[PDB]
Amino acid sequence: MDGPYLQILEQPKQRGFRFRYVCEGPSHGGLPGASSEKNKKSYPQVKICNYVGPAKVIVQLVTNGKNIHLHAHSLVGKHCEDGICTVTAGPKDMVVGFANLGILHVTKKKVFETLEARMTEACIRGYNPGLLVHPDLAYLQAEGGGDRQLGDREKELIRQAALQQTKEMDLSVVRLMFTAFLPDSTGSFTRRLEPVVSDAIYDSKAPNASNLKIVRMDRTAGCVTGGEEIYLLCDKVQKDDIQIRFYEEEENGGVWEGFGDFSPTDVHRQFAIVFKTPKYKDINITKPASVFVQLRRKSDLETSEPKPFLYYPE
C-alpha cells in the first residue's frame, strides 16, 4: 500500500559541531553522524527505500521552530551551491553518505538579505512548495517546468516573510531537510518523494548550546557532612544557568541527587566555579561511598559526562 520513500539511516550528531563564518575559510571538518566517534568517524545517512534506480537527493538547512522554515545559515563543501547540497545516487546503491558537510554561520546584519534571497530562490524554483516560505500560492512545483515569473505582488510577500522570520531566526540551532528525486521519462530528476527532517543541530560555539565538560577539580572527595569548598575548571558556561549536581543511582530504580552550593558570582569568567559540597544522603555511614558529579545547564537540563566523587564519613 506504500510507495518509494526516503529514510534517515544515521542522523547527524546534535552537539559539538562548530558552525563557521566565511572569514574562517572553507572546510574545518564536516558535520559528524550521531554514531561517529574518536578515531572511527561516521556521517549523516539517508536511504531511498522501495528503490528507484538512479536518483538525486538534496539537503537544505531548515529552522528548528514549530513551523519548519528556511534557515539563513548555509551548507557548504563537497557538493554544495547556494547552501543546498545536491548529490546523485541510486544506480545500484540506495544509501547516500554525507561527509564534508559544513554549516556556514551567516552574520547577523547579513541574515535578512540572505533569507530574502534564499526564499526568493524557492518561490521561483521548483524545489519545495510554499511550505518553508509562506502559506500562499504553493504551486510552481517540479510538475511542469522549473522557473516562475515573480509577480510584483508576490515580491512584497517574500519581503514581509523575510522581515518576520529574521526576528524569529535562531542562529545557534539548525536542521537538515532531505529531499529525494526519481528520474523522469526524459531521464530527468523531477519525481519528488516526501521530505524528511533531521534532528536539531546545535552550534557548539553557542554558550547556551555549548557541550558541558568538567575539565579539572580541586579534590574528588569530601566528608558526607558537606560544606567543603571546591575549585572546579570547566568549559564555557553561563553564570546564571549552571549547576553542579551530585548523584548516585539507588537500589531499585532509585536516585539520590545533591547540589553544589554557590552563587553566580562564584562563576569565574565563564570558565571556573568555586563552590561548597552538598551533604550526602545520610550523615553517619559505614565506609567511603562514591557518587558522581556533573555540570548541568538549568534552562535545558543538558549535562556533562559524570566524574567520580568519593564521600567519606566524619
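When you see a residue number, it is the position in the sequence shown, counting from 1.
A.B. asks: Which of the two stretches, 173-181 or 129-137, shows the higher mean Cα temperature factor in the record?
C.D. replies: Mean B over CA atoms: larger for 129-137.
A.B. asks: If you average the CA temperature factors as listed in the entry, which stretch comes out higher, 65-73 or 251-259?
C.D. replies: Higher of the two, by average CA B-factor, is 251-259.
A.B. asks: At the C-alpha atoms, which of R269, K287, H28, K276 reaches the highest B-factor in this entry?
C.D. replies: Going by the entry's C-alpha B-factors, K287 comes out highest.
A.B. asks: Whose C-alpha has the highest temperature factor in the PDB entry: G83, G226, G102, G144?
C.D. replies: Across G83, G226, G102, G144, the entry lists the biggest C-alpha B-factor for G144.
A.B. asks: Based on the entry's values, in what third of the chain does the Cα temperature factor of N39 lie: lowest, middle or highest?
C.D. replies: Highest third - that is where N39 ends up once the chain's C-alpha B-factors are sorted.
A.B. asks: Going by the recorded CA B-factors, say which third of the chain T220 sits in, lowest, middle or highest.
C.D. replies: Tercile = middle for this residue's CA B-factor.
A.B. asks: Which third of the chain does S210 land in by C-alpha B-factor: lowest, middle or highest?
C.D. replies: It belongs to the middle third of the chain when residues are ordered by C-alpha B-factor.
A.B. asks: Place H79 in the lowest, middle or highest third of its chain's C-alpha B-factors, as listed in the PDB entry.
C.D. replies: Tercile = middle for this residue's CA B-factor.
A.B. asks: In terms of the CA temperature factor given in the entry, to which third of its chain does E168 belong: lowest, middle or highest?
C.D. replies: For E168, whose C-alpha B-factor we compare with every modelled residue in the chain, the answer is the middle third.
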